[PDB]
Structures are given as C-alpha cells and as structure tokens.
C-alpha cells in the first residue's frame, strides 16, 4: 500500500511533515510524493494543490526566503540533499519569524507542507540537487514581483545554515 506518515509541527501549526514509504529493489526506488486524497485534505477551505515546480541548483546555492499571502507549498528534494527551511512570515502572528529546518535526502524523504504567509527556502548541501514543490492557490500564480523576500541570514530569524557565503540571486541579496 502507498503510505504517508503525516505529522504536524509542534510549534508551527499548519506545517505538516509528511513521510512516504518506498519500494526499493535492484533498479533503484519508486515512491509517491502526493495524492489529492491523502494531502489536499490537510489544506483549509477546499483548497487544492494545482501547480508542480522543479528547481535544479548547484552546491552552496540558497533560494529564499520567499512567500506570499495565498500560496501553500509542498516541498521535498528528489535528487541530492537540501536544508529545507520554513519561516512564519506573518508579521502579526504570535510565532512571527520562528522557523524549522529539515535535512532532506533519499534516506530522509520528508515532504513539508508550508502554509500561505510562510517563507520557504532551501540550501543545496549535495553537489547538485533537484527540489520539487507543489503550489496550492486560487486564481493567478503569484510571481516574484508579488512575493515577499526575507534575507537567508536575517538576524531576527537566526537560521543555522551550513554556509556563511551562499550563491544568491540579486532578489535574495536585496531581500
């Protein structure tokens, strides 16, 4: 049977930590990252994941911290290893700028549900990585100009990244 272990974050309610089972053999492995039946149920108000994205990045890249008012995400690493970070970026939240970090790889296949209004980021600790995330929203995709950005090393968040000198976009330097 295709299985998910579904846990909720202790501190950051709305953050789900989902672990799939896998079939492993002489060929490699097969696994399920998502079913609507298991995972859309976790979203509020009948929302559904409706968008799939891939990010292929080199060693020591950070992408983040990115979010917007409406977009839920479901994120994992399907090749290599990342440090996956979620941040509560709701300024009026009692848990504003609290965060959680996960080291995601083939041996620790955590899939993180990131609420709307949370910031999302990852660091490539492998030589290369392929990051997978689904997006749930109504209406039009929120592109970069319509998103907020927090600095990867914002002192108020205090993420313990394995780098002091990541490779960054101009967006992620300007934050």
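Residue numbers count along the first chain shown, from 1.
- Taking the mean C-alpha B-factor of each stretch as recorded, 59-67 and 140-148 are not equal, and the higher mean is that of 140-148.
- The question of which stretch, 101-109 or 73-81, has the higher mean Cα B factor is settled in favour of 101-109.
- Ranked by C-alpha B-factor against the other modelled residues of its chain, residue 17 falls in the middle third.
- For residue 41, the recorded CA temperature factor ranks within the highest third of the chain's modelled residues.
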